[PDB]
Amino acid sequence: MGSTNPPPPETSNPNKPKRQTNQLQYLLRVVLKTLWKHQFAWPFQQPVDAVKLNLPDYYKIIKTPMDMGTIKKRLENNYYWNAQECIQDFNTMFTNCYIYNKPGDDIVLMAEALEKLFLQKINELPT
């Protein structure tokens, strides 16, 4: 009975309604793909590996995990109905980090930076 990771969030669901919208296209081609290149993106590019990171309490505390690897596949797979569903997943990712960690932590300064840039990029979306 060593620690294990939960299964990752789904990135496909054939019975879920979906669309490709200009805004969701933009969220992938511009927003995600620009945030992915940032110096602070790396901890967020895949589900938190609580076993690798020796954070056995991570999934005790965080019950709605989210990361940009999952978001990226959702966008590529056209999993979303609208931009707001996707924005909500970015918000969950940030909020998770701020819940598990504390102000001033390195991982928190990283999230805060990404979050400010995210907000700047989604300030204006296509029609």
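The numbering used is simple: start at 1 and walk along the sequence shown.
Enquirer: Regarding 94-102 and 25-33, which shows the higher C-alpha temperature factor on average in the entry?
Expert: Going by the record's values, the stretch with the higher mean is 25-33.
Enquirer: Could you settle it for me: does 55-63 or 35-43 have the higher average Cα B factor in the PDB entry?
Expert: Averaged over C-alpha atoms, the B-factors run higher in 35-43.
Enquirer: Just the C-alpha B-factor column, please: which of 82, 70, 78, 88 has the biggest number?
Expert: Highest C-alpha B-factor among the listed residues goes to 78.
Enquirer: By its CA B factor, does residue 111 count among the lowest, middle or highest third of the modelled residues in the chain?
Expert: Bottom third by C-alpha B-factor.
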